[PDB]
Structure formats: structure tokens, C-alpha cells
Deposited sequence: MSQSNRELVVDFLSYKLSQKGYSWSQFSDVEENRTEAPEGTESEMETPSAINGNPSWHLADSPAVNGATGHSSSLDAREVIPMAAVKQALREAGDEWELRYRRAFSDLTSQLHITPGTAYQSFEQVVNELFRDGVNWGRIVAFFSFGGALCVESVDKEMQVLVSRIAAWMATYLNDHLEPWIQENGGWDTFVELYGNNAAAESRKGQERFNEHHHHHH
């Protein structure tokens, strides 16, 4: 959990910043889970290409933004509960936030956004993930 998930989140965001041409300096984690997640996220951005334009707009991330605001907006993704597809959208959403932070010359926030995601993960998503197989089922599902 905690340590595992934090590693999982920082890997995905680093992977995203790197891929999009940005720096990544500001920073059960089996390489299998990590690789599977990177792929799932690319797959995801391939289809729905909006980039949560309205979510991040409801958020409007600034250095003064508190975790509670992040949580309210992300809860939107989970209106009808949790599932693998939404967990991927979730990582994908955090990724878009980091990119936006960097374009607003607020590199400082990407490490914060990683904390928020890990907290949210451990808090609201782990419960369901553990109940449906753990990250192993994720791996089995996203080769």
C-alpha cells in the first residue's frame, strides 16, 4: 500500500512527463504492475483524448489548492463506484495535472500532486482493489 502505491504513482507521472517532453526532476510495485499501468494509460489517452479539460478546469490547480479540492473533483470519476477502467482514468488525470502545472511554470506542484494521488489511492481505491484481486488482477487484465 502506502510505499507501494507511492512508487506506482511517481513512476507513472515520471513516465508521462518524460514521454511528453518534460522534466521529471521534481521527484505491490512489481515492474509488471508499473509496465501494465504505463500501457493502460497510453491506451486510455489514445481513445478519450479530451484530457479532462473540464475536470482540471473545475480544479484550476494553483500552489494554494488543498487536498480536499483535489478529492472533490476526483470523486467525480467515481460517481458510480470504482472499476479498473476508472482507476486508469485516475492515473491519467493526475498525469494531465502535472503537465498543466509545468506549463504554468509551477513545477513545484508535481511532487504535491503525487502525494495527493497516493493519499487518494490508499484511501478510496485500495479498498476496492484489494477486494477484486489486488494489482495482480490488474496485471492479468492489462497485459
| property | result |
| --- | --- |
| Stretches with no C-alpha position, numbering per deposited sequence from 1 | 28-80, 197-218 |
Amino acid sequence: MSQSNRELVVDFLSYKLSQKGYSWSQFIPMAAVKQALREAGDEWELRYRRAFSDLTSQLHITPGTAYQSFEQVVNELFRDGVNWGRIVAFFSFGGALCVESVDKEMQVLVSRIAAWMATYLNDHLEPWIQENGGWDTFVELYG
From here on, numbers count along this sequence of modelled residues.
item	value
Of 54-62 and 91-99, the one with larger mean CA B-factor	54-62
Entry-level comparison of average CA B-factors, 29-37 and 114-122, reporting the higher stretch	29-37
Top Cα B factor in the deposited entry, candidates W84, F78, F70, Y48	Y48
